[PDB]
Amino acid sequence: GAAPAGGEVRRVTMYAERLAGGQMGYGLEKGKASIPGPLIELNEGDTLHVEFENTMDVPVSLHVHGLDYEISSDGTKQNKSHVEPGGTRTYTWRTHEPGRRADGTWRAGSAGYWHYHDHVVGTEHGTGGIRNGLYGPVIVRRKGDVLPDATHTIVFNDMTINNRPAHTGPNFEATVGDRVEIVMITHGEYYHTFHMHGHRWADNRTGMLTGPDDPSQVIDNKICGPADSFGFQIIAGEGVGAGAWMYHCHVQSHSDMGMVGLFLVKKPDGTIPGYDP
Amino acid sequence: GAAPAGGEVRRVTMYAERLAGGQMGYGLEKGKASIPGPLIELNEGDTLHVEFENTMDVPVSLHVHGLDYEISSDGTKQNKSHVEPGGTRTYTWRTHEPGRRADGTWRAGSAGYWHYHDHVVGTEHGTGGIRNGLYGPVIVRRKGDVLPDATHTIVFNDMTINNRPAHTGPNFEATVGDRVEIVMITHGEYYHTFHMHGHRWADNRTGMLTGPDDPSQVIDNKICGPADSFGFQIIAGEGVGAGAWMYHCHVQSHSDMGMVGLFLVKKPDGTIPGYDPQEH
Amino acid sequence: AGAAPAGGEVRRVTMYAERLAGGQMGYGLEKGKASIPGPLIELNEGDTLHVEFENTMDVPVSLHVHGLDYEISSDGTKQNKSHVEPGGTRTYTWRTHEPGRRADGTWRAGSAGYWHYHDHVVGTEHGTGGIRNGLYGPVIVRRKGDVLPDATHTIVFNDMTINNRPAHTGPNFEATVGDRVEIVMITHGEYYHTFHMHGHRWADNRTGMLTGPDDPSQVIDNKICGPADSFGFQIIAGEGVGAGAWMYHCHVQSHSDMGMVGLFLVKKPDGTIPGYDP
Ligand SMILES: [Cu+2]
Ligand SMILES: [Cu+2]
Ligand SMILES: [Cu+2]
Ligand SMILES: [Cu+2]
Ligand SMILES: [Cu+2]
Ligand SMILES: [Cu+2]
Ligand SMILES: [Cu+2]
Ligand SMILES: [Cu+2]
Ligand SMILES: [Cu+2]
Ligand SMILES: [Cu+2]
Ligand SMILES: [Cu+2]
Ligand SMILES: [Cu+2]
């Protein structure tokens, strides 16, 4: 259960599609757009060619954090990488391994928890597209990274989680002992503090300490702002057991207004003690 | 001194009580609540049973960050771990040491600068209870950790420090060369940036670089938001001498509105150079 | 090219606080050449800097620094009587130190890092007006052996402006593909921000560069910052992405919409920027 070495050339089709109630989402197949968009996963060294199509009546773009791209796949109107209504375009993302440069220094690799979003809808910074749902996660794995049993994306988009109505989660289910990966992206105007009851993670790339010499803070509450992204893997219920473990923004008015969800951790027999919605 | 190995079963009585000025606070003995609440110190591996009593006319709870607890000690109304008016309940916190798992991976230990607070007063997230002063620090030490000469707790609670009126500190005294530990917790609605004149610390677990290979950034200014907690140790006046050293939130309107205090570092003879209280 | 040498040199410099146009105020190293941000101060761990300070303004001003070692008498605060009356002069003394093992066996952190100085008395006793007006500037303290850049650029998010510039007027910064560029990022004022750069990423540690394969620091292209935060990093301009007009901006959506945007203009070796229309 470990990521291999990257270096594969990959292609994928992506669509921008209008969704109900003024929303917009990215999808891998027509009519399957979602908010957040599909989880794109690569190994360091992989190339991704996204054959992009804009099914909408307004221009859209695709912009990505962290990964290597040339200025033609900027996803910006300034560098003419947006997609007119009905248009098509191939965005190219590349990734690289860490390595020692010629100058002696250490080149950082592409691995990490990243994301993509629109850059042209509403404003030339994608303010309207991000608000409508044009955002999604990208995970770039380093060779040897432990692979999880499940991955869940939580996006604090302004006062919402994944553009959902207040006090509607989302909820995620796991069994005690599962290796669960959380991808956490923030968008919009507000800062947040992400908090998980009964679980904690390392404030580093993978969310797990590398070993006894990793000085990274171990936290259960992280401040984050627009376009921040981080991730972590936890063992569900580790040292704490089954239950309906709350997660929420800890800004007090934000959790009061419904930026809350449940990490529903079950015993092997499928039971969650005390849970009563 | 250094922190020893944990693994002891500890017991403590805690009370939630109404305090003067429409506030609420935790204490270890009845009639002795405080804001911030009492400092709790544990060694990785210790277990803590908190014999809790609610002396108030409203439900209250005890919820902790960082430490291990089963869901029955979650301290939320959502699964019946709150304490009714006049009720009692034992909460149990555990802690563990770091080590390796069967799957080859490293499990981080409980050590850190943590905190406890209410979760049911006002809202199902404790907004009223936190605002009223139901919060306190929890320190979990790892074996070998350097012990301080003194520990001081600074909570940025909305626009107050430790719920105090504007421009009323608190101030903390030390002697030059003392090893002083600061526990910094934030609560409420607003982000802040904690800044200390004349001192700096590492942005890691303990606030001190482990040694020459520790890449952690060394800072004197840290942004923090609701329920953030961190801590550090500094040598009072190290390389800067005695004096009235300001700490404050560096958000400009927050300092201008009184989120300011003094770290009063004394010379051995007790005096503080240039410290005219009236000019502060 | 080069690495930082060991420190330990006692340096002196004159500094002036001057009014600038548009009600602004700035620090400078020579009379009549004040700037916003103020001049870049660079030191090697162990150096001392005596700032021979002159307030040429009609209101009091001060000089307060982050991170470096200073005695209470160089606090730069009215509260500790180290401000400078109109027309007055004062010598501020900053010191730095290398890291080392203390007698008690613990490790003393060095002064090295990305720091800043600013006023502490104009407008309020916390310098709110001075900072608003532009009295801020960067300080870099290098550790022996630190990689030296080809150029250094200072970006300050001061309330809703970058370096007190009007909305949407940069600043822009030019480099050639392959250049080692150092960014100093400071934030001031009332608001939090998130600094983001297209096409480039860095390490969230002291230097912005991973020390090697065992450095666990996170690699980021987006960082939340708040008033008086400072961090810095070095990047290889266009590394793995090529030339072009690469945006940097605050990623708070209404902040980029209302002018907190700039361009990192990475040129080809022939000096051209593909697809860049000014
Ligand atoms: Cu952008
Ligand atoms: Cu929030
Ligand atoms: Cu919690
Ligand atoms: Cu972005
Ligand atoms: Cu909670
Ligand atoms: Cu504040
Ligand atoms: Cu300061
Ligand atoms: Cu909490
Ligand atoms: Cu200050
Ligand atoms: Cu901003
Ligand atoms: Cu970008
Ligand atoms: Cu400052």
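Just follow the structure's listing: the first ligand is 1, and inside any ligand the first atom is 1. The sequence lines fix the lettering, A, B, ..., with proteins before strands; numbering per chain opens at 1.
Counting heavy atoms from C-beta on, the side chains of C:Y114 and C:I140 come closer than 4.5 Å.
Judged by distance alone, with hydrogens and angles left aside, the side-chain atoms of C:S82 form a donor-acceptor pair with the main-chain N or O of C:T77 at under 3.5 Å. A:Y191 contributes a side-chain N or O that, together with a main-chain N or O of B:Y191, makes up a donor-acceptor pair within less than 3.5 Å.
Among the heteroatoms counted here (N, O or S) of C:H196, NE2 is the one nearest to the Cu ion (ligand 11). Shortest distance from the Cu ion (ligand 4) to A:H65 is reached at NE2 (N/O/S atoms only).
Between C:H118 atom NE2 and B:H250 atom NE2, the angle centred on the Cu ion (ligand 12) amounts to 110° (nearest 10°).
For the Cu ion (ligand 11), the N/O/S atoms of C:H198 include none lying under 2.8 Å.
Checked against the 6.0 Å centroid threshold, C:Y70 and B:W245 count as a close aromatic pair.
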